[PDB]
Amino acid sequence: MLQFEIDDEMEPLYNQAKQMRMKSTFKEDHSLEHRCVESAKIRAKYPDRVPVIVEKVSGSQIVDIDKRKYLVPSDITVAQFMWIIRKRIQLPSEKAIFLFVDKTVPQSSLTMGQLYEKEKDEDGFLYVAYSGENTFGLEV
C-alpha cells in the first residue's frame, strides 16, 4: 500500500532462511492429494501396519531422527514405539523422551492401531512428535 513497515510476520522467516546450507516436514514436502493416495496404498497393501510420520518438536534441543516414515505393526504399544524412537536416536535411558499426538501425550498402553484409527490425520497418516526435556540453555 502507501505505508510500509518491518513486517513482524516475515522477520522469523528471514532469520530462518539465513540458516541454510532444509528440514522441511512431510506435509511441507508432499501435496495433500499425494499423501492421501500414498496412505490409502499403504493401508491396502499392509492391512496390519499403521503409517506414522515421526518429527522432532520444532525448536527442541534433542537430536533429530534420521528416518521419519514408519510402517508400524498395529499391535505395537505407545510405550514400545517410544522405545523404538529412543533406540533410533540413541537417547540414553537416563534422559526423558516424550511423544505427542495432537499436542498431547498419548497413554502409553494404547496400541498404535487404536491411536491410528482415532487420531489419524485427514491425509491418512498418524503424526507423532517427539522431544526431550528443555534445559532452556541453563546449567543442569
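Residue numbers run from 1 along the displayed sequence.
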Quiz item: Looking at the deposited entry, does 22-30 or 110-118 carry the larger mean Cα B-factor?
Solution: 22-30
Practice problem: Take the C-alpha B-factors listed in the entry for 97-105 and for 59-67, compute each mean, and give the stretch with the larger one. | Solution: 59-67
Quiz item: For residue 47, does the deposited CA B-factor place it in the lowest, middle or highest third of the chain?
Solution: highest
Self-check item: Among modelled residues of the same chain, the CA temperature factor third for residue 41
Solution: middle
